[PDB]
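The structure file input25.cif is reproduced below (mmCIF, C-alpha atoms).
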data_my_file
#
loop_
_atom_site.label_atom_id
_atom_site.label_comp_id
_atom_site.auth_asym_id
_atom_site.auth_seq_id
_atom_site.Cartn_x
_atom_site.Cartn_y
_atom_site.Cartn_z
CA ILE A 478 -33.51 40.65 -50.01
CA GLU A 479 -36.44 38.36 -50.86
CA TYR A 480 -36.04 34.61 -51.30
CA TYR A 481 -38.18 31.87 -52.84
CA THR A 482 -38.95 29.24 -50.24
CA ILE A 483 -39.32 25.46 -50.27
CA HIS A 484 -40.62 24.05 -46.98
CA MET A 485 -39.49 20.49 -46.33
CA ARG A 486 -41.03 17.76 -44.19
CA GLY A 487 -39.83 14.29 -43.27
CA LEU A 488 -36.14 15.01 -42.71
CA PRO A 489 -34.25 12.51 -40.52
CA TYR A 490 -33.13 13.92 -37.19
CA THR A 491 -29.52 13.32 -38.30
CA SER A 492 -29.89 15.53 -41.41
CA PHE A 493 -28.66 19.12 -41.14
CA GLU A 494 -27.84 21.95 -43.52
CA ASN A 495 -25.24 20.11 -45.60
CA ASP A 496 -27.73 17.28 -46.23
CA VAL A 497 -30.25 19.80 -47.57
CA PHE A 498 -27.61 21.27 -49.84
CA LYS A 499 -26.79 17.73 -51.07
CA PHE A 500 -30.49 17.06 -51.66
CA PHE A 501 -30.90 19.95 -54.12
CA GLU A 502 -27.51 19.81 -55.84
CA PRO A 503 -26.55 21.11 -58.41
CA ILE A 504 -29.15 23.68 -57.51
CA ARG A 505 -27.91 25.87 -54.70
CA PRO A 506 -30.08 27.42 -52.10
CA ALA A 507 -28.79 30.71 -50.76
CA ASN A 508 -29.46 29.47 -47.23
CA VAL A 509 -31.05 26.56 -45.34
CA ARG A 510 -32.75 26.59 -41.95
CA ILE A 511 -33.29 23.39 -40.00
CA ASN A 512 -36.25 23.70 -37.60
CA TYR A 513 -35.96 22.72 -33.92
CA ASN A 514 -38.11 22.97 -30.83
CA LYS A 515 -37.16 25.36 -28.00
CA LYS A 516 -34.90 22.71 -26.36
CA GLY A 517 -32.81 22.23 -29.50
CA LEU A 518 -34.39 18.99 -30.79
CA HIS A 519 -34.53 18.49 -34.58
CA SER A 520 -38.16 18.84 -35.62
CA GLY A 521 -37.87 16.91 -38.88
CA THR A 522 -38.58 19.97 -41.06
CA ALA A 523 -36.60 22.72 -42.71
CA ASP A 524 -36.70 25.67 -45.10
CA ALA A 525 -34.53 26.12 -48.19
CA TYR A 526 -34.26 29.70 -49.53
CA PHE A 527 -33.40 30.09 -53.21
CA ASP A 528 -32.08 33.19 -54.96
CA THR A 529 -34.60 33.17 -57.85
CA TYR A 530 -38.04 31.83 -58.72
CA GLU A 531 -36.45 29.76 -61.47
CA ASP A 532 -34.13 28.09 -58.95
CA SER A 533 -36.98 27.24 -56.56
CA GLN A 534 -39.03 25.66 -59.33
CA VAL A 535 -36.22 23.46 -60.65
CA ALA A 536 -35.56 22.40 -57.04
CA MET A 537 -39.20 21.37 -56.58
CA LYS A 538 -38.75 18.80 -59.41
CA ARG A 539 -35.08 17.89 -59.68
CA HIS A 540 -33.71 16.57 -56.39
CA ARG A 541 -32.57 13.29 -54.89
CA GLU A 542 -35.09 10.54 -54.32
CA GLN A 543 -34.42 10.48 -50.58
CA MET A 544 -32.48 12.36 -47.93
CA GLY A 545 -30.67 9.61 -46.13
CA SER A 546 -33.30 6.89 -46.29
CA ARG A 547 -36.40 9.11 -45.87
CA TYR A 548 -38.66 10.48 -48.57
CA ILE A 549 -38.84 14.28 -48.28
CA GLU A 550 -42.05 16.25 -48.88
CA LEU A 551 -41.49 19.59 -50.63
CA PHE A 552 -43.89 22.55 -50.42
CA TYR A 553 -43.35 25.73 -52.42
CA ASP A 554 -44.15 28.55 -50.01
CA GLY A 555 -43.49 31.37 -52.43
CA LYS A 556 -41.55 34.53 -51.93
CA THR A 557 -39.98 35.77 -48.66
#
Could you take the file, read its structure, and then write that structure out as structure tokens?
Amino acid sequence: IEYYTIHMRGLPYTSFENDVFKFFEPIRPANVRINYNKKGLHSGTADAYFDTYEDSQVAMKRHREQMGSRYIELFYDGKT
């Protein structure tokens, strides 16, 4: 299965998958992956994988202003 990907920068180190889901609601990513280093430290970035192109494009526009109290940078990385 192929997904449409939004790469995210600027997440707080206390924000995990459920915060990403809250960020894009009502739009629902199929899955979310928080990025860490090899010792398990939050890297401040993440990927959100959407079911359709249409979902990913709505999510690029329509989302909360902040996650926690940080502004999030979104990058549409396309399919897969």
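With distances restricted to all atoms listed in the file, A:534 is the closest residue to residue 481 of chain A from A:534, A:543, A:522, A:495.
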Shell around residue 528 of chain A at 9 Å using all atoms listed in the file, local window under 4 positions removed, as a PyMOL selection string: chain A and resi 479-481+505-508+532-533
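Straight-line separation from atom CA of residue 555 of chain A to atom CA of residue 485 of chain A: 13.1 Å.
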Shell of 7 Å around residue 523 of chain A, only C-alpha atoms, local chain residues under 5 positions omitted, as a PyMOL selection string: chain A and resi 484-486+510-512
For residue 521 of chain A: contacts at 12 Å, all atoms listed in the file, fewer than 6 positions along chain excluded, given as an NGL selection string: :A and (484-493 or 497 or 510-514 or 544 or 547-550)
Atom completion result for segment 509-530 of chain A (N, CA and C atoms) as an mmCIF file, keeping the file's coordinate frame:
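Once everything was written out, this is result_26.cif:
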data_model
loop_
_atom_site.group_PDB
_atom_site.id
_atom_site.type_symbol
_atom_site.label_atom_id
_atom_site.label_comp_id
_atom_site.auth_asym_id
_atom_site.auth_seq_id
_atom_site.Cartn_x
_atom_site.Cartn_y
_atom_site.Cartn_z
ATOM 1 N N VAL A 509 -30.234 27.669 -45.828
ATOM 2 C CA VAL A 509 -31.050 26.560 -45.340
ATOM 3 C C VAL A 509 -31.238 26.754 -43.855
ATOM 4 N N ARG A 510 -32.417 26.531 -43.427
ATOM 5 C CA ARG A 510 -32.750 26.590 -41.950
ATOM 6 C C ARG A 510 -33.524 25.253 -41.430
ATOM 7 N N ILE A 511 -32.712 24.561 -40.647
ATOM 8 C CA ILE A 511 -33.290 23.390 -40.000
ATOM 9 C C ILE A 511 -34.144 23.883 -38.847
ATOM 10 N N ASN A 512 -35.349 23.317 -38.679
ATOM 11 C CA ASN A 512 -36.250 23.700 -37.600
ATOM 12 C C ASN A 512 -36.067 22.799 -36.378
ATOM 13 N N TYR A 513 -36.074 23.418 -35.198
ATOM 14 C CA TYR A 513 -35.960 22.720 -33.920
ATOM 15 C C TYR A 513 -37.100 23.168 -33.014
ATOM 16 N N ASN A 514 -37.309 22.428 -31.925
ATOM 17 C CA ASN A 514 -38.110 22.970 -30.830
ATOM 18 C C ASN A 514 -37.261 23.870 -29.923
ATOM 19 N N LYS A 515 -37.882 24.413 -28.861
ATOM 20 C CA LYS A 515 -37.160 25.360 -28.000
ATOM 21 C C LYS A 515 -36.068 24.706 -27.149
ATOM 22 N N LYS A 516 -35.980 23.378 -27.093
ATOM 23 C CA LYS A 516 -34.900 22.710 -26.360
ATOM 24 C C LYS A 516 -33.782 22.239 -27.290
ATOM 25 N N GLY A 517 -33.860 22.581 -28.570
ATOM 26 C CA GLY A 517 -32.810 22.230 -29.500
ATOM 27 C C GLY A 517 -32.945 20.864 -30.129
ATOM 28 N N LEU A 518 -34.141 20.273 -30.131
ATOM 29 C CA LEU A 518 -34.390 18.990 -30.790
ATOM 30 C C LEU A 518 -34.850 19.184 -32.224
ATOM 31 N N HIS A 519 -34.158 18.519 -33.157
ATOM 32 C CA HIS A 519 -34.530 18.490 -34.580
ATOM 33 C C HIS A 519 -36.017 18.190 -34.729
ATOM 34 N N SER A 520 -36.728 19.047 -35.464
ATOM 35 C CA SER A 520 -38.160 18.840 -35.620
ATOM 36 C C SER A 520 -38.525 18.031 -36.855
ATOM 37 N N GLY A 521 -37.548 17.631 -37.661
ATOM 38 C CA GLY A 521 -37.870 16.910 -38.880
ATOM 39 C C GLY A 521 -38.297 17.770 -40.054
ATOM 40 N N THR A 522 -38.224 19.099 -39.952
ATOM 41 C CA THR A 522 -38.580 19.970 -41.060
ATOM 42 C C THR A 522 -37.517 21.038 -41.236
ATOM 43 N N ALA A 523 -37.616 21.758 -42.353
ATOM 44 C CA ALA A 523 -36.600 22.720 -42.710
ATOM 45 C C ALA A 523 -37.162 23.645 -43.769
ATOM 46 N N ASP A 524 -36.466 24.765 -43.969
ATOM 47 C CA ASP A 524 -36.700 25.670 -45.100
ATOM 48 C C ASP A 524 -35.438 25.810 -45.932
ATOM 49 N N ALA A 525 -35.609 25.827 -47.253
ATOM 50 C CA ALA A 525 -34.530 26.120 -48.190
ATOM 51 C C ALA A 525 -34.936 27.371 -48.954
ATOM 52 N N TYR A 526 -34.034 28.362 -48.971
ATOM 53 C CA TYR A 526 -34.260 29.700 -49.530
ATOM 54 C C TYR A 526 -33.420 29.855 -50.788
ATOM 55 N N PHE A 527 -34.079 29.999 -51.930
ATOM 56 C CA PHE A 527 -33.400 30.090 -53.210
ATOM 57 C C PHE A 527 -33.356 31.538 -53.685
ATOM 58 N N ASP A 528 -32.339 31.828 -54.502
ATOM 59 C CA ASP A 528 -32.080 33.190 -54.960
ATOM 60 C C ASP A 528 -33.156 33.671 -55.925
ATOM 61 N N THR A 529 -33.624 32.802 -56.823
ATOM 62 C CA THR A 529 -34.600 33.170 -57.850
ATOM 63 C C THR A 529 -35.786 32.220 -57.860
ATOM 64 N N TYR A 530 -36.890 32.696 -58.457
ATOM 65 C CA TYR A 530 -38.040 31.830 -58.720
ATOM 66 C C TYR A 530 -37.630 30.625 -59.546
#
